[PDB]
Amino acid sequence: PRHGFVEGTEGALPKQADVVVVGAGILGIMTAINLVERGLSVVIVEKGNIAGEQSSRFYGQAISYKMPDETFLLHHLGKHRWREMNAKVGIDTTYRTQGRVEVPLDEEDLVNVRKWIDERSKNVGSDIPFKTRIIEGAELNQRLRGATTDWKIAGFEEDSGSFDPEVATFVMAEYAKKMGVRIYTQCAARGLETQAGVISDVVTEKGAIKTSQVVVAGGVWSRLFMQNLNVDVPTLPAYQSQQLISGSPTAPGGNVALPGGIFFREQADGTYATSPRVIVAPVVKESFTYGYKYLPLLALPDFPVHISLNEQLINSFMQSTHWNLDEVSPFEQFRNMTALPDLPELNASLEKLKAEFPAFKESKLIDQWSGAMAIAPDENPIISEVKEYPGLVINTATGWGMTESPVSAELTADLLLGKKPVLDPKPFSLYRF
């Protein structure tokens, strides 16, 4: 049709659940799956529709490229587990092993790229083979078919993944449901009841579910959920426009990242996803409190963050920091995000793409949207225990949640159940700030 939809679990809201997941995005869905495999019966509550936010509004690349030591193995294994996903689910998630070329900006960028590849080749940290190398000549020109500029050198992540926003998370939701995961849609989680340390209930607009174990995977809303429970989660909003164009017989295929803001990725159906580099950070109330911690990100001149003043500031001041569980929460008050794509920005970006790859000159515009992130000061995920509430774990605050989800899921479940974590959880801890 155009977008793809998964229907929620029908009937009455259950009295009891072994574990309740807040949010039916990728992180919530994958964590649910991981828990079921361990033998737990899970219930996901979702304020809107399944994968209505970030998890159907992403660019679509699963890459380990330029990733720091903190997140590399989370991405490296994410790629590996996504390669087994189609076989595991038995339905096409649209995950493809695609390949990605990034032409560096400066000679200095080329040295930084070379060093990063060389450092990671000598010490991989996994028995999964590392498949990223610098490419020149014929190998590069085959990857850039019908390019105007004579590009000489690029970093080639051969095993870079591709997933499509209109399909990926939705298939994973249906697979979750087939495992016995119950997902209740249009059903916002306001907060939780706690008695003598142990969680007793999760309170929703449809009623209360008795549980002692909670997974918070509310995407951009995770901070606001933990605010009402008096736990500080440091995230700031970020926005990026995305667009989707039709295919071409003379189109180059694969994933391409070029100087001059040229970024495109071929989908499973032959259509092309493209976007500008520019990330828009709107001014919120939180900007005045801990926005100073985000200043070293504005340091890089290759960094594309614009500070913007819009309606988010006004919305921020009129979102409550505290609410009673028997009254209307901001998750109901601001249920559906209404953020629009920057249409002049997307147009200029597309015109640059058409100038570099004239194969796209005849391509028709399929879809244009805005995508909202929430990012921590060091740009790394929050996958953590919550000291203040035993049995509560949080899986959120990531710009790479699709790639990271199969490993994030296991790591979240490990923290919840007291098992030794898959990877070092210290860089993903809530208390690192």
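Throughout, we count residues from 1 along the sequence that is shown.
Chemist: Which has the higher mean CA temperature factor in the PDB entry, 116 to 124 or 282 to 290?
Modeler: Taking the mean C-alpha B-factor of 282 to 290 and of 116 to 124, the larger value falls to 116 to 124.
Chemist: Take the C-alpha B-factors listed in the entry for 383 to 391 and for 56 to 64, compute each mean, and give the stretch with the larger one.
Modeler: Comparing 383 to 391 with 56 to 64, the higher mean C-alpha B-factor belongs to 383 to 391.
Chemist: If you check the C-alpha B-factor for each of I153, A339, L224, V216 in the entry, which is highest?
Modeler: Among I153, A339, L224, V216, the PDB entry lists the largest C-alpha B-factor for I153.
Chemist: Using the temperature factors in the entry, find which of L236, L144, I183, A168 has the highest value at its Cα atom.
Modeler: Answer, based on the entry's C-alpha B-factors: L144.
Chemist: Within this chain, which third does the Cα B-factor at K47 fall in: lowest, middle or highest?
Modeler: Lowest third of the chain for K47's C-alpha B-factor.
Chemist: How does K354 rank on Cα B-factor within its chain, lowest, middle or highest third?
Modeler: Middle third - that is where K354 ends up once the chain's C-alpha B-factors are sorted.
Chemist: Splitting the chain's C-alpha B-factors into thirds, which one does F163 fall into?
Modeler: Its C-alpha B-factor belongs to the lowest third of this chain's values.
Chemist: Sort the modelled residues of this chain by their C-alpha B factor and say whether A176 lands in the lowest, middle or highest third.
Modeler: Lowest third - that is where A176 ends up once the chain's C-alpha B-factors are sorted.
Chemist: Lowest, middle or highest third of the chain for the C-alpha temperature factor of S246?
Modeler: Middle third of the chain for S246's C-alpha B-factor.
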